[PDB]
Structures are given as structure tokens and as C-alpha cells.
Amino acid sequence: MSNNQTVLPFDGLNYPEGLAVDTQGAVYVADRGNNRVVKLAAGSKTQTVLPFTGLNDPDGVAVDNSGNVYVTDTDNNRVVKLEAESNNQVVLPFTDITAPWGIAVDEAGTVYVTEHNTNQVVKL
């Protein structure tokens, strides 16, 4: 083992899927089997469950340069944005999407997802 390899002190993950990291070094995990997104601040030993509600099998997470957090809420066929500070949840205006899976956000805030229903990449 290298000293450069460490296990981060998340707690009780169940089939974790995608993860993301922000410029503060906080790590975000789509904890699919617990229907939640957890965040571990750099150096913390206590993870934080983020204030999304009503998730069903979240599979991917991304964080933009303003600190908004995006999750693919796969089995609700939607992508949810958690606005920084306010913690408002916004369902992004994708049309006719089923089982969004992976997610990434670019520097401009454009959201990209993979979809299993039809094997496509969709940009919003």
C-alpha cells in the first residue's frame, strides 16, 4: 500500500455510485442504496447528508463552480439541483428523459447526463 492511498471516513454507504469533488476538497457521493447524497468536507470525520428530498436511486452527482449540487435521481426520472446556501431544490427542465444516470457539469454550468433507456448523452 502507498501512504498516498487512504479510505475517506464516510459512514454506512450502500452501493455508492458517482462522486464529485469541489475546489474546497469536499467529496460528494451519490449513495444509491440509501437514497441520499452525502458530503465529506476535507479533513472531516463526520459526513453530511445534503438536503435533497424524495430521491429514488441517485446514481450521479456533480458540483458547479458556484457550489450548486446536481444529482441524477434515476428512478424518479429527473435531475435535481440543490442551490447553494438557500438549499432550494430545483428540478431541471429536461424533457422526456428516463433513467438519467451519469452526470457532469461544465464551466458554464451546462449539465450533461447519460441515459440508460436509449443509450444517449443529453445536454441541457
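One rule holds for the numbers: they count along the sequence shown, beginning at 1.
Averaged over their C-alpha atoms, the temperature factors of 101-109 and 14-22 are higher for 101-109.
Here 3-11 and 113-121 are compared by their mean Cα B-factor, and 113-121 comes out higher. The PDB entry assigns its highest CA temperature factor, among 43, 51, 60, 33, to 43.
Among 71, 55, 38, 91, the highest C-alpha B-factor in the deposited entry belongs to 91. Among all modelled residues in this chain, the alpha-carbon of residue 65 has a temperature factor (C-alpha) in the highest third. Among all modelled residues in its chain, residue 87 ranks in the lowest third by Cα B-factor.
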